[PDB]
């Protein structure tokens, strides 16, 4: 496995692996995982908020992907969401996230069904797309933060959030807390 020694190495490699038309999912996953999280390299992007997690743009991958860092305060979690027909890679940089995988709802209304539950380990890279299922991720800790590196290809700025009680869904426009280490207007 090609082991990037720095976040910068990993980004350069990513530009090669997404330069073409095909993407070897397991090759990407292994290389993201092989990178050893180093907070000196990504602390400029780790910008937290009191009440909810934040999305922090790192690189735009020449239109081919979004690379961003997500900052999970104590107890912070996401809704149940889809990924708008893209590849989605999630690598742990600090702390631990619990991923819960959900089946897709019918037209009927009722409780949503869990298909899988796991804790992502240190430096682990997970993979999901809409054919794998829906998921929710959350910080397992109420005393420590979590930080994750996400890659979305193609990039997207809208998804759906699902009500666990009924399976009903709403369209959600995602926003960035910061881009390239610079804070965006209005949190």
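Numbering follows the first chain given and starts at 1.
Asker: Out of 109-117 and 88-96, which stretch has the higher average CA B-factor listed in the record?
Answerer: The stretch with the larger average C-alpha B-factor is 109-117.
Asker: If you average the Cα B factors in the entry, which is higher, 133-141 or 60-68?
Answerer: Per the deposited B-factors, the answer is 60-68.
Asker: Looking at the entry's B-factor column for C-alpha atoms only, identify whether residue 161 ranks in the lowest, middle or highest third of its chain.
Answerer: Residue 161: CA B-factor falls in the middle third of its chain.
Asker: Against its chain's modelled residues, does residue 51's Cα B factor rank lowest, middle or highest third?
Answerer: Its C-alpha B-factor, which the entry lists for residue 51, ranks in the highest third among residues of this chain.
Asker: Hey, what third does residue 41 fall into on Cα B-factor, ranked over its chain?
Answerer: Middle third, going by the recorded CA B-factors of the chain.
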